[PDB]
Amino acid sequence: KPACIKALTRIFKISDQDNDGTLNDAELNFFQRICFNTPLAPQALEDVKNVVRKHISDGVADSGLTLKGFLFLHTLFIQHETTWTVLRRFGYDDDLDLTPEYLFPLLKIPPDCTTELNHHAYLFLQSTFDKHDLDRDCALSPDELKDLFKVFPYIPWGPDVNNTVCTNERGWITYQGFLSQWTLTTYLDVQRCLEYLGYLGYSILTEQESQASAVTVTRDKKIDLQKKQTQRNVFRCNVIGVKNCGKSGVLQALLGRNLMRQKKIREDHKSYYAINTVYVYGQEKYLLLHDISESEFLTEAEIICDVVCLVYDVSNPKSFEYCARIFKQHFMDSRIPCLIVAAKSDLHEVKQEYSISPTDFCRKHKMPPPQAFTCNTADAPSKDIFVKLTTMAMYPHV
């Protein structure tokens, strides 16, 4: 029984689309249709409300069904089969748990293909954000996130999510940052995104066969390279360099954060990812950065990307050798574009101990010139390199 109440309470929360605490006639009729194929007459609906009002006082607020009122009607129909109709319609099984078919619809992704949310999927998330942004500040406070996750069986996002997407003045995920996190999750872990969409009741509220009906599968990367044109909107860039060469500073710069703001980031909440929108020649795209920590190996995983960002420290004389090394053993004869970034360029430039200068190296292997970059500036860092990286990802040849 307590398991039954738990499910119905969630089903209520999902059905309350405007998230006001009641099921108005608009939302109530929607619920009846998806469950019982036919809604009730406008005043025959008012008759049911009367039955509620004449038993409990807190069962009907405004002229819409409250949760207590909703749970009350569940008891009335028993003292059956009406409830199980509702439960099964919302993905629950006999054990009152969400079925694998509902939460994990199989979506086999072809090799060298990526996953994006379609336009209607984004719209669903845009409304989803608005429903829980009750303070209208275009950001989700910790309370507004707890509210959003009350349809989730566990907390899906950790405190590092705030160091991955755009946040506001107080570290709260903004409206744009919110969509960036979903864009990010969909790209890296589509099965997790589909699971999360199930918790939000996407498949039901949008009346579609599965959560998978929100994901777009882009074509083979090889075809994009051969046809020299892509339709993708999300591009992944791997950031590679020695330890403490300023990689994390590059990632956080994409989020618009100064170096001084970065020093207040606790390591418990550290993130090796950063995602944001970038405009390339009037086209809006998503740039996805992945901080690759200096390890003994570089597998076939940390090399798959649309563009590589080799970062070295100008105050570190031995740092650029790493860039030259990694480039020569993974990206020298690769169809992946590479951009060298001279990070910490606010510091005094020290002569690199490598055999050849960064400048000449970029000519020997036909790359763009080493880009000067710093996150240690007043206001927010420059988005120049991020436009560059995205541009090279979109047009590898040009």
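Each residue number is its position in the shown sequence, starting from 1.
According to the entry, the deposited sequence has 1 to 3 residues without coordinates between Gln79 and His80. Between the stretches 5-13 and 375-383, it is 375-383 that shows the larger average CA temperature factor. In this entry, 268-276 has the higher mean Cα B-factor, the comparison being between 268-276 and 180-188. Ranking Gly91, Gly201, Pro110, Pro142 by the C-alpha B-factor listed in the PDB entry places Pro110 at the top. Highest C-alpha temperature factor among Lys344, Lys351, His330, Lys68 per the entry: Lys351. Annotation for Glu209: CA B-factor lies in the highest third of the chain's modelled residues. Sort the modelled residues of the chain by CA B factor and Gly59 lands in the lowest third. Per-chain ranking of the deposited C-alpha B factor places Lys285 in the lowest third. Among the modelled residues of its chain, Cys237 has a C-alpha B-factor that falls in the lowest third according to the deposited record. Among all modelled residues in its chain, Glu169 ranks in the highest third by Cα B-factor.
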